[PDB]
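Written out below as structure tokens is the structure these notes cover.
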Amino acid sequence: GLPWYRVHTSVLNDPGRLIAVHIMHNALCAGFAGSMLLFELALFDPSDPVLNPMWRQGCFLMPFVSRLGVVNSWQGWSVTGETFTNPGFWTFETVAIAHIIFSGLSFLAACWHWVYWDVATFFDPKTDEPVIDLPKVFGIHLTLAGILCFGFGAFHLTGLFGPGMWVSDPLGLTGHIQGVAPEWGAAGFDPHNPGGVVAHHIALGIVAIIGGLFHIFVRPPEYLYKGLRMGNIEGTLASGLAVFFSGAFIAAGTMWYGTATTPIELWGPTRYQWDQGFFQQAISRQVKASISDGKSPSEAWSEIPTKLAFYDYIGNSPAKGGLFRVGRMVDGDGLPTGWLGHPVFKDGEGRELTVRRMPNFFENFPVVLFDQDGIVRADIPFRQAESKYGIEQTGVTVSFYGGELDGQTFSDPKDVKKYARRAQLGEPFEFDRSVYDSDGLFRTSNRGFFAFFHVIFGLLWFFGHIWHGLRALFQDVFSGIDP
Amino acid sequence: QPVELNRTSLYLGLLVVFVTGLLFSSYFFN
Amino acid sequence: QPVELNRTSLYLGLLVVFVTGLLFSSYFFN
Amino acid sequence: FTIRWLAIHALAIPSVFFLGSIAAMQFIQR
Amino acid sequence: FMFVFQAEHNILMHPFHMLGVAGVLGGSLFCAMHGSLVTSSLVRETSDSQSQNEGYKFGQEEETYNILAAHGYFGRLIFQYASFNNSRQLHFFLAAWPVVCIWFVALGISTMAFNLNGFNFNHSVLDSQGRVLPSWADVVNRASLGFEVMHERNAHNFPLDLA
Amino acid sequence: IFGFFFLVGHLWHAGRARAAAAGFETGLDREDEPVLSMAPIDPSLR
Amino acid sequence: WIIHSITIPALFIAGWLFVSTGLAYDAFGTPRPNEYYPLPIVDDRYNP
Amino acid sequence: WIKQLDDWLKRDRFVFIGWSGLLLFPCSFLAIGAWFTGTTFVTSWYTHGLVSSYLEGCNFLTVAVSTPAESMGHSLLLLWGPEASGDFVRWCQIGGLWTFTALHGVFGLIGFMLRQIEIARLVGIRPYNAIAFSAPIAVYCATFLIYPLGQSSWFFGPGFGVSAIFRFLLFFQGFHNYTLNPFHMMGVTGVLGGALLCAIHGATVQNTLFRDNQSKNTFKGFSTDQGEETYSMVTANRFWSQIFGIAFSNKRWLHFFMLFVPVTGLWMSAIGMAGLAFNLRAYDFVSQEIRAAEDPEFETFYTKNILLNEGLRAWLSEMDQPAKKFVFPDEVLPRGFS
Amino acid sequence: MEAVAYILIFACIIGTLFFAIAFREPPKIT
Amino acid sequence: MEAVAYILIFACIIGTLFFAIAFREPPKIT
Amino acid sequence: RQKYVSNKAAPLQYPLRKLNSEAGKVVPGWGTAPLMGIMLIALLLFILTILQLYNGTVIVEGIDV
Amino acid sequence: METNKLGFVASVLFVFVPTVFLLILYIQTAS
Amino acid sequence: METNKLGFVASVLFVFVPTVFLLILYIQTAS
Amino acid sequence: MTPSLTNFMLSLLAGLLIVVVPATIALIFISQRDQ
Ligand code: CLA
Ligand code: CLA
Ligand SMILES: CCCCCCCCCCCCCCCC(=O)OC[C@H](CO[C@@H]1O[C@H](CS(=O)(=O)O)[C@@H](O)[C@H](O)[C@H]1O)OC(=O)CCCCCCCCCCCCCCC
Ligand SMILES: CCCCCCCCCCCCCCCC(=O)OC[C@H](CO[C@@H]1O[C@H](CS(=O)(=O)O)[C@@H](O)[C@H](O)[C@H]1O)OC(=O)CCCCCCCCCCCCCCC
Ligand SMILES: CC1=C(/C=C/C(C)=C/C=C/C(C)=C/C=C/C=C(C)/C=C/C=C(C)/C=C/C2=C(C)CCCC2(C)C)C(C)(C)CCC1
Ligand SMILES: [Cl-]
């Protein structure tokens, strides 16, 4: 309690002050949630959900708020897009204001519990030393968690008495909020299945209600009371820190891999949707279906939605930003103003050329144009003194289908050399980097930042778990071993 | 017991703060 | 004798600082 | 057949085999 | 300097540098190991709400830790005739390991100063016909060649960058 | 390499020759330790 | 040196003959010195 | 009945078993063993297009248990799993031994930390060695597990061999600019300071010894049973105060510092690797990538590192990942005008 | 950012006012 | 203003180094 | 403390101490821990199978993987 | 609003450079 | 130089918000 | 009961007879005679 790194152990033997200092952590957490959402909304651009979604704008708390049910603001707008006039009561502001009011109430309650520490709840009847019954309290808490789980998954996610949850199509274009029926079969363990989430919470709510009832009427065995140091509250901290760091790793993994809980209208695409060309194959499949529906190439390629083309930007891969490229994604490439259309590069021999897209690994990539055979036919040279290939030496022309340059053909070396650079970054888009003073260097999404922070949290909570487990077991020898 | 911070701990803390800040300043500025 | 600052003097000092700063902020911003 | 006879052989019944194999590899013509 | 040196000398495949790496990483191992052992077997002198460092008084003659207990722990951790019983030998080893290995890696920099570079295993595993089967040393070469043809770009008028 | 090891070996024997002639190349005398008979370096200490 | 007189030989020769008879190449799927270029990076997961 | 086995495992033998020895000895023996099986016998030809065994012709520096095939993804590659279908050889050709070794190694590391805890509890000392061992496990989990999980596949993990690690180091510079990563700079600082502390503390102890013998061999001036300091902390404090300006005066703080320095360095480097799993890189300074591009005269050593990184990237990647089939013509490869 | 300074300073006056009423030093009779 | 931060922090390291040598807490023998 | 606050300053004081009153009470012997071991092997089997199922080591009809 | 830029940083050091001084003085009195 | 503007104010609060804490703790120890 | 599930259940049912209780039934025999 005397070293600076031990000072909060002054409440370790004072459970009224322990509750006080917990209610203060609650006040700070909720005040941070309220203030952060207010700051996330002062900086939010809701003008268009197609080219400026929340994941491009650095929205951290907004996806988590809107994933359950709170998508619309009191201003009219909605992250799904529709403006109206009666947005319920549970808007983006009401949530932040509820957390601010809760924070104020919790600050006052922590003040009360700091002052009135000596209440006869925290001292047993037989002696007067401060104690809390950890098995009993654990059972009560586990039961409370069980009802909250069961209810949240069976009434808020089902929508019986709740908003539902965000569901989406695989392409991530029809993102909306609806109540999801539970999925009890093998299909409930599909990561991209919201009924699995609903059924998980239901089943684990029954499980935690039963375990909490079992941890309120059955006292622990005498071997496991001394074995796991069940009288030591530090041991409870160690096991909770274990749950905390392994959840962080699971949360970070399911954010990086994408589950039904993190849909791409809120956190954007994963790096693994760019690695395998997920939206690229989706668009090619849709295009060829339209081509075989008796439509022209330009007519098929202009039914590709701008939101479906925008997912093929490598600038929207969350594995492309940097540790100290701070901020929102549009602080980097900029504000997208429109889809330039599918570029089709053709050599001087009239052969379909494809620019090799760049992977997530590469900060910059050699622009090399292949063909159906896959042999190099043009590229943007470096040595340019034995360069048998090259745009101007081979006369490569780019023709756009769809988008803003529908039907346009370019044959200038400067113009083909520019659009072959934009073709390796995926579907070419026009970027205005004047609105956000964008520096031009890619930034990761909120998906990437959350995953990376919660991995750091998993690592330090692994150590904190170890520290407190070792401190709980080796309590007798902390000051030293023996003379 | 009240909290302490002796002189040596103060100097150690000041250097770790100052050197860590000098390290991370270049990246906060970017 | 060592220096003191009791609680009342701390509160008085905080208010005089905070109110004086609120007064002169409008003119520092101009 | 005891604990002494297993913690000195599970590491060494393979190890002599590996060393014999690797000594044969010095005579492989590739 | 590190990258250009790897490109031009392949220090990673220099055995003096493998010794230097063993020395710095093992000196860190042995520093953490010796510190954790002396810290773990401390004699109880203090309370739990005060720093264990208050158990030592500057100039006290008594030994502040238990060599026997740390020794018994380390011996049970690996085997019997492994843990230093002696402390003078123990601290000579703490001195000798990183000092000797940093001597060797300074010497490695110094012989690469005369262009006596590290091990070379390019084109070393051949198939039946004679084709080079790539190894991991080949991949390290290929990355070192990456560094090699980009350093001092406007300053090599001939294809042979000598020393 | 030979120059470096022999500069090290020279430093070794220079220190050891000086210490062995002085009479303190086997350690500190517990009976009288020279730092215990020295005045403090700290300017405040009198 | 009695119960291990041939025990150390039999094992060592077993490893030697495991390499020398070619059973190692078939044991681990290792390419023989002329199976390298009759190059096949496996490109699919469930059926290598 | 159940107590008898507990009393068994806690016995005094040549090698302590313990309860942790059930999760340590069956895994470590496998992981270590699967390395020796791998680096002697199995090829990386079908995962990497390279040779990585003593049977191939490689030596100890250039053998590895290389990472799985890039098409295996983040599959566990169980022997009975679908990618092997029980077939041993097809499991070894696709890099299943890397996953065997890595999983058995992380469980061995858990078992060893449990062993350190168990032996501290049995003897009765504090568990600071397990705390210090949490830094190698943080580094192992960051480099071998968290990093390839954040990447495309297990392929981009580090191979279990010497030159595979050297490729990993140069890959991390060229693709990640990892020397510029400040968490790695603190890792380097922690490890170099740990080596400095190790050397300086050993030499200081050895040169402030007391005359507790008569012979010139001062290694016999110490007994295990004695309860007195074998070296003068006062003379050492005097020496380092008048050489370096500061010195330790607290022996316990000194030895806690010797713990704290390399462990926190190693943890900070693990934080840097956790960042490199998501490609969150300290690759560049935006101000200087800007200025060097508006000014073709602004050259710093950083701009010459960025150029060297591009040179590494383009001149490695076509044989580093052969599943990608990178085709770079000789005239887009960045040369420095040979 | 000029309103932010004013609101922060006003919050500092309000915090000082709360703490000087709620957590005030008790006046003891002699 | 980015060099100003670096020079100020370096001055803080130098001040801490001076004060931790010059005005250090004296090590008293027991 | 040996003196608690008034019931007017803390109304739920004694109504909530009944729950915090048997702190330290155990059942003698190994208790119900043999069932706890069965659940520690069953939940670890659940975690193993759900990881294998996510990972595509277990491809059962129902999981797209 | 054409306000002084440094008027923010003048406002906050005017009011927390003395404030920390007071807290230092108070805390060392209370301990 | 296109540097982060708040990188100045991030640099100085990163290094003096802890610093005053230490001085508070030291001063109350010394008194 | 896809093959990839049959092998999963079979690995359970086999490794229970590989290290789970070949080793435990040996620990009983070796703890009764090294009491
Ligand atoms: C039949 C009803 C039912 C259904 C349909 C489900 C369905 C689901 N449950 Mg489940 N559950 C149920 C009942 C049900 N549950 C009951 C009755 C219980 C009580 C035991 C549980 C307890 C439970 C838990 C604890 C979890 C689930 C999870 C899941 C989801 C797994 C998919 C996933 O994202 O993987 C995610 C997680 C895994 C695939 C397992 C990861 C475990 C890792 C491998 C441990 C090792 C990692 C280590 C700690 C850190 C790594 C460090 C470094 C090396 C990387 C899934 C939708 C998982 C989930 O929700 O994830 C978000 C989850 O963690 N359930
Ligand atoms: C639920 C999480 C949790 C809780 C309740 C505790 C609680 C405690 N820890 Mg602990 N710890 C944790 C996680 C946690 N820890 C983790 C994750 C790590 C690894 C990083 C540690 C490593 C650790 C060590 C090494 C020690 C403790 C100690 C202690 C005890 C003394 C309190 C103290 O240190 O105050 C003092 C702290 C300060 C006065 C200032 C610290 C300022 C920090 C570094 C910056 C604050 C950041 C920010 C404001 C917090 C937000 C975090 C955000 C990421 C959520 C106390 C019971 C000590 C102990 O064992 O008690 C005797 C001890 O030596 N912990
Ligand atoms: C909103 C952001 C702006 C903040 C503005 C507020 C400025 C406050 C400056 C400090 C004023 C208090 C000085 C000390 C008063 C006192 O000793 O109280 C002691 C009391 C107990 O009362 C006392 O208790 C004493 C015994 S004991 O404490 O219980 O042990 C007893 O002696 C005494 O009689 C009794 O009254 O409790 C405390 O410990 C107060 C210290 C809390 C630290 C100051 C508050 C920090 C801000 C909190 C909110 C965070 C904001 C987050 C957003 C940025
Ligand atoms: C350059 C700008 C950046 C500044 C960087 C420097 C940071 C320093 C942080 C504080 C470090 C010192 C902590 C206390 C040390 C100690 O107690 O010393 C006590 C000593 C006496 O020595 C002592 O005296 C004691 C008795 S007495 O003091 O003489 O009464 C005795 O007990 C003791 O043994 C003896 O050693 O003297 C002091 O009083 C030092 C306090 C001075 C305050 C700190 C310096 C402030 C900056 C000065 C320059 C202004 C810069 C202007 C430009 C912005
Ligand atoms: C009084 C009162 C009230 C009011 C309230 C309010 C108004 C509030 C609030 C609140 C708030 C407003 C809050 C908050 C928060 C926040 C937080 C809590 C945060 C944070 C942070 C952190 C934690 C961070 C840290 C850091 C940084 C800086 C970065 C990185 C690094 C580090 C980590 C260091 C009412 C009337 C209602 C009621 C009565 C009482
Ligand atoms: Cl260079």
Side-chain angles (χ1 to χ4, degrees), chain B, chain M:
Chain B
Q1 297 194 4
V3 58
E4 66 182 1
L5 191 73
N6 62 7
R7 206 178 286 182
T8 296
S9 302
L10 172 77
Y11 288 139
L12 289 166
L14 288 191
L15 293 175
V16 65
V17 175
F18 286 145
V19 176
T20 300
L22 196 64
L23 173 71
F24 284 93
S25 68
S26 301
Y27 300 86
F28 296 163
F29 280 112
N30 223 332
Chain M
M1 294 299 291
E2 308 283 339
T3 62
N4 292 53
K5 298 236 135 121
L6 295 175
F8 182 76
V9 74
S11 294
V12 68
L13 284 116
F14 187 80
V15 68
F16 296 97
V17 170
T19 286
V20 301
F21 165 65
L22 292 165
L23 273 297
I24 287 169
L25 274 196
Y26 169 66
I27 290 288
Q28 67 93 41
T29 309
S31 66

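Chain letters run A, B, ... following the sequence lines, proteins first, then strands; residues in each count from 1. Side chains included, hydrogens not; waters and symmetry mates left out as well; all remaining heavy atoms used.
For the atom pair M:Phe16 CZ and B:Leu14 CG, the distance stands at 9.5 Å (nearest 0.5 Å).
For the pair M:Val15/B:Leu22, no side-chain contact is recorded, criterion being any heavy-atom separation below 4.5 Å from C-beta on.
Counting heavy-atom pairs closer than 4.5 Å to chain B, the top-ranked of the candidates M:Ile27, M:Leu6, M:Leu22 is M:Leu22.
Ring geometry for B:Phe28 against M:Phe14 counts as perpendicular: the plane angle is over 60°, on a 0 to 90° scale with 30° as the lower cut.
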Tabulate, with distances rounded to 0.1 Å, every donor-acceptor pair spanning chain B and chain M at under 3.5 Å.
unit_1, atom_1, unit_2, atom_2, d
M:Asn4, N, B:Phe29, O, 2.7
M:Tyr26, OH, B:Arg7, NE, 3.1
M:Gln28, NE2, B:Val3, O, 2.9
M:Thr29, OG1, B:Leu5, N, 2.6
M:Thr29, OG1, B:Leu5, O, 3.4

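With a threshold of 4.5 angstrom between heavy atoms, M:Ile24 does not approach chain B through any atom at all.
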